[PDB]
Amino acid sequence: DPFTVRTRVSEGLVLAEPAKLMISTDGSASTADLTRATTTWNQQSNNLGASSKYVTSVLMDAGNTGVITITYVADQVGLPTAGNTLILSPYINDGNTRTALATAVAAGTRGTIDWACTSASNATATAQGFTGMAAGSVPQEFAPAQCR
């Protein structure tokens, strides 16, 4: 059932929460801190970050942009072979504007972190005012509403 698929996609999403929080508490203060968080998170779980029966990996962008990719085990969750990722993209909110984390951190721009979640479709993230972010691949009908 597609709704069961969303729930397992949704169950898997929870596993990325600690990666988001690490980025916000310890990985945003400086360029060096963002790289440190990336290295430390990604080394977990046999270099897969976090995993489970339904989740292959939860990984931070290797180029230190702070963008998190959740990769699902397609044949256990019931997704297409290559339809299996969600993308969480961080932005510094300085109160007035949003700036992609990688850019803000390099420039020394501080603030709170907002997250865009994208799947094969970016309706929600784009509606929320996020721009610039990569596509994930989970089909819209299986993606959590906030990732559609």
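Position 1 is the first residue in the sequence shown; the rest follow in order.
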If you average the Cα B factors in the entry, which is higher, 48-56 or 111-119? 48-56
Between 8-16 and 126-134, which has the higher average C-alpha B-factor in the PDB entry? 8-16
Which of these, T31, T97, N84, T38, has its C-alpha atom at the highest B-factor, as the entry lists it? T97
Going by the CA temperature factor in the PDB record, which third of the chain does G27 belong to: lowest, middle or highest? highest
